[PDB]
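Proteins come first, then strands; the chains are lettered A, B, ... in the order of their sequence lines, and each starts at number 1.
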Amino acid sequence: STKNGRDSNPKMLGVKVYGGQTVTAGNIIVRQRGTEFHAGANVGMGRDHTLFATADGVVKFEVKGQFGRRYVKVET
Amino acid sequence: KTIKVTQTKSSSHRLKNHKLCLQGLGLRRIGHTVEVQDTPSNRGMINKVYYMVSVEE
RNA sequence: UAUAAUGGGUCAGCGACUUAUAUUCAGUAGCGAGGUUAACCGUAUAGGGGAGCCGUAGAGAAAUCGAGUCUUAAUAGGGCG
RNA sequence: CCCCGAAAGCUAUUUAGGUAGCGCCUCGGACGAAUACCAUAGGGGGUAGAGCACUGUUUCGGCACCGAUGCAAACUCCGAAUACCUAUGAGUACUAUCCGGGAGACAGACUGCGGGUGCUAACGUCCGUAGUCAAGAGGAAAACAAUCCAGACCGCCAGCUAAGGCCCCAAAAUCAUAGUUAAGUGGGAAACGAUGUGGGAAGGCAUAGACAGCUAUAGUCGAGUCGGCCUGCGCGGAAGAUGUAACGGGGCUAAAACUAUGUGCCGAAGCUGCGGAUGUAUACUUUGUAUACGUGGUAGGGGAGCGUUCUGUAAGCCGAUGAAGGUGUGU
RNA sequence: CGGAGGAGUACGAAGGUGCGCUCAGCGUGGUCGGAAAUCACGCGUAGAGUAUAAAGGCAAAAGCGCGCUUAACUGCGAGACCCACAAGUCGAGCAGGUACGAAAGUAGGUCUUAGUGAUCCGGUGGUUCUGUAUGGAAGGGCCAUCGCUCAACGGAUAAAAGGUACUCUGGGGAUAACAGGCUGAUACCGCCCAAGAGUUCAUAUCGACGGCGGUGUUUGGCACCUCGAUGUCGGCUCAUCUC
RNA sequence: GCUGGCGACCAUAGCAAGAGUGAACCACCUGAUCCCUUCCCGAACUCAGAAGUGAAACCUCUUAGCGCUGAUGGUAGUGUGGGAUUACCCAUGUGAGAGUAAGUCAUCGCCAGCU
């Protein structure tokens, strides 16, 4: 009899809206366990590190700053 | 400005997108010949199914 | 499944999606913001019988209001219309 | 008789060969480009590969460190092709979506590719992905659901081709030009063994005389000789039980085998030709007419009919100058 | 019924806020004192930590301290993620009342992802709902909350173990025992290399460590045929084939 | 041309080494009276000031030492069609990682002082 045989239910993480798409305020952009992406302009961060839009516009990804963090912002 | 494309093999067992390329060019059966505009959009469909069409250029 | 898986020796006759009630949808006919009677009476498929049923208004657990109503301190917001 | 046409999945279940919601089929209504294929543009990635910068692991040196050197599903300093999301656009196509009536199905199989498990076993088992069967006929595979070619509306004693073939069984080349094989290899198999034969690139010795043989390094003779590397086709390794039985058979050797090139032909229910039927749509602005595209089908869904018994039409019509029934023939 | 680990909690601060601070390791010196307690100075360097398993994260540190505090609030909530249903997740912003800041501001529990249980039936607090003639009341409704290892964790009852060789029915070759089939780990047979044994001498005869095959007599693996029946361990009689 | 503040950018821009700067600015600097401060300490934070020094620090310049950037070509992988089954070959499209040549001691913006 094996001592293995367990696993957890899937969580369905990942990028939900890609660069160049238009969003409405409140749209979820990234589901992530940790801050793989950071919130830029017009983007808010939830209690579970979810990134969402706070304004209408076009999503844009970039690499910026002195640490080389990945940012996602919304351009109005 | 226009080219003629002839279907030379069966399409019954091909991939879904390959069958759709044939349909979007307008070919319907083996031996069928159609005349289409020479544009990159048509050339893409032709190139994807190069192996079962013949182009009189 | 040729299967060495099942069933039939052969012929003739019989042998299996019905009936009642309710409900929903579709066709078709009458009437139409209306439609329709049931039991019953009736020398009786007629003609009477309007009790009742469906439609015509929703919201709310309900009291209550009503083209609005519920929630709320709120004429904000939101849900059903 | 006509039209369309699945699934053997997900989730839950005293559930596992049952059932329910969703996925997939059909019919009616609404609504038309909102859909798809391809091109261009924007976007995230951590797989294949690779690497040692972390985590582990590995060998050899020098003094845990330094220099060389390997490995990894649960390592990553890196990192594709594809796939996926969005916007714009040409052409092609009855596409997409919404609301309702009716289902069936929830035992799958093989093959290729990426994997887990198993012994890199199984016509084994479990996933992802594509094709076929299931529910699909024809031709090629000797015979052979799942391989290759190809999707059967009906008829023809017409033609062209696909896969695969062209000496006879058995349709079409005893076709053409160059080579290779001698093993019936072709028409079953390994480590390994061998002066079998074809081709190629180098190297050594040699007519002031090479190799072998032969006489005591010299000497007779009189040209090539020697040892390796790469490569084409062959040989041994190779033992089983009913009967040749491991080309389907006959048979095949300047092939009817293999390699390369060319010109013809055969070959299907594919395509074309002629005749006929039927479904859908556009225009003829009744028509029943032309054009274009369709017509393989299990579970299922939809549409249209044939015959049988009885009631009215029917106190009608047919019938001993012969009804029903039985048995032939024609149409 | 593949390879590896965790959970059925904890915390009134380990929550909020304002201000403030950086770890781990090594080397030098310094009483007990050292391998390693505390002090001081350097060197290089995220290798520390984050209540807890791992992963994704963590400088405006999400790590670590101090003062004041209760936003571990009430009514909601545009818009999304996920999804058979039932469920689950993120959320800007508006109103009221707060806490900390001089202030711009931050706060609807904790870096996040586990720490859980539908419906029925009952208990408790509240209630400008209902109240079977009427006024009350009992009971019921609504809002908040309590009682499950119902752990077989979508939970058939509030309540449940065995035997049958004395047995029976409906089914299955959807699924085992015999024989057949596929496979060949195992089994049996053969070959390659050759340390060595053989007084010298690998190969007369053996032959270590390793490698490559054949057969289909063993033990097995699979579950394709047969469960509307393929009905046998040995002996007897009679055989036929392989090498 | 020098100095200060705030940004863009985040190593071709960084580290390391060497050398320079005092008019103004900045930095050390004086001590601790009132503000304020240390689980001790005027070390930091804070106040009130210029007796000294550019020593340290910060800035500026030089160096390819460490680091970083990095072609071309080839190789690996790979979508489609075909041929094979130790995982290759052909046609077509695509194309790394490592390494090699080579490059680098950044480049811009706003405001204010001193010549």
Subject >> Presence of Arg47(A) side-chain N/O under 4.0 Å of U113(E) phosphate oxygens OP1/OP2 >> reply: yes

Between side-chain atoms of residues 8-17 of chain A and protein atoms elsewhere (two or more places apart, or another chain), which donor-acceptor pairs fall under 3.5 Å?
residue	atom	partner	partner atom	Å
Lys11(A)	NZ	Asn9(A)	O	3.0
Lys16(A)	NZ	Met12(A)	O	3.1

Subject >> Per-nucleotide protein contact string for nucleotides 85-92 of chain D (B base, S sugar-phosphate only, - none; heavy atom under 4.0 Å) >> reply: BS--BBBB

**OP:** Would you please name every residue forming a side-chain hydrogen bond (donor to acceptor under 3.5 Å, both in side chains) with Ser54(B), sequence neighbours left out?
**Re:** none

**OP:** Rounded to whole angstrom, note down the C1' distance from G173(E) over to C225(E).
**Re:** 8 Å

Which side-chain N or O atoms in residues 58-70 of chain A pair as donor and acceptor under 3.5 Å with protein atoms at least two apart or in another chain?
residue	atom	partner	partner atom	Å
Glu62(A)	OE1	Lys73(A)	NZ	3.1
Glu62(A)	OE2	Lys73(A)	NZ	3.4
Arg69(A)	NE	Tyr71(A)	OH	3.4
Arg70(A)	NE	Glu36(A)	O	3.3

Subject >> Distance-only donor-acceptor test, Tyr50(B) side-chain atoms vs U92(F) base atoms, 3.5 Å >> reply: no

Subject >> Listed nucleotide nearest any side-chain atom of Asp48(A), set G131(D), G5(E), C90(E) >> reply: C90(E)

Original post:
Hey, does the side chain of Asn47(B) come within less than 4.0 Å of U80(F)'s phosphate (OP1/OP2), counting only N and O?
Top reply: no

**OP:** Could you tell me whether the side chain of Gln7(B) and the main chain of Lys9(B) form a donor-acceptor pair under 3.5 Å?
**Re:** yes

**OP:** Under 4.0 Å from any atom of RNA chain F, heavy atoms only: list the residues of residues 64-76 of chain A that qualify, in numerical order.
**Re:** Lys64(A), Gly65(A), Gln66(A)

Original post:
Can you name the side-chain contact (heavy atoms from CB on, under 4.5 Å) partners of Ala39(A), sequence neighbours left out?
Top reply: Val43(A), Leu51(A)

Mind listing the side-chain donor-acceptor pairs of residues 45-52 of chain B below 3.5 Å, one per line with the distance, residues two or more places apart or on another chain?
residue	atom	partner	partner atom	Å
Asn47(B)	ND2	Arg43(B)	O	2.9
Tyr51(B)	OH	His18(B)	ND1	2.5

Please list every donor-acceptor pair under 3.5 Å in which a side-chain atom of residues 20-37 of chain B meets a protein atom from a residue at least two apart or in another chain.
residue	atom	partner	partner atom	Å
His32(B)	ND1	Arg28(B)	N	3.1
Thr33(B)	OG1	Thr6(B)	OG1	2.5
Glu35(B)	OE2	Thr2(B)	OG1	2.9

Original post:
What would the secondary structure line of RNA chain F be in dot-bracket form, counting Watson-Crick and G-U wobble pairs under 3.5 Å, with [ ] for pairs that cross earlier ones and | for pairs with another strand?
Top reply: .(((((((.....(((((((.....(((((((...(.....)...))))..)))....))))).))(((.......(((((((....))))))).......)))..)))))))..

**OP:** Give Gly44(B) one of three labels, base, sugar-phosphate or nothing, depending on what nucleic acid heavy atoms sit under 4.0 Å from its own.
**Re:** sugar-phosphate

**OP:** Can you sort out the partners of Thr35(A) under side-chain hydrogen bond (donor to acceptor under 3.5 Å, both in side chains), two or more places apart, ordered by chain and number?
**Re:** none

**OP:** Select base, sugar-phosphate, or nothing to describe what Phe37(A) touches, counting heavy atoms under 4.0 Å on all strands.
**Re:** sugar-phosphate

Original post:
So what does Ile28(A) hit on the nucleic acid, given a heavy-atom distance under 4.0 Å: a base, only sugar-phosphate, or nothing?
Top reply: base

Subject >> For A260(D), the Watson-Crick or wobble partner whose two distances fall under 3.5 Å >> reply: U177(D)

**OP:** List in chain and number order the residues that pass side-chain hydrogen bond (donor to acceptor under 3.5 Å, both in side chains) with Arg31(A), two or more places apart in sequence or in another chain; answer none if no residue qualifies.
**Re:** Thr50(A)

Original post:
Contact class for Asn4(A) (heavy atom, under 4.0 Å): base, sugar-phosphate, or nothing?
Top reply: base

Original post:
Taking only residues two or more places apart in sequence, or in another chain, which ones meet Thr76(A) in a side-chain contact (heavy atoms from CB on, under 4.5 Å)?
Top reply: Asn42(A), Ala55(A)

Original post:
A51(C) and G50(C), neighbours in the strand: six-membered ring centres under 5.5 Å and planes under 30°?
Top reply: no

Original post:
OP1 or OP2 of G3(E) less than 4.0 angstrom from a side-chain nitrogen or oxygen of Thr2(A), does that happen here?
Top reply: yes

**OP:** Would you classify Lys60(A) as touching base, sugar-phosphate or nothing, given that sugar-phosphate means primed atoms plus P, OP1 and OP2, and contacts are heavy atoms under 4.0 Å?
**Re:** nothing

**OP:** Tell me whether the OP1 or OP2 atom of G294(D) has a side-chain N or O from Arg29(B) closer than 4.0 Å.
**Re:** yes

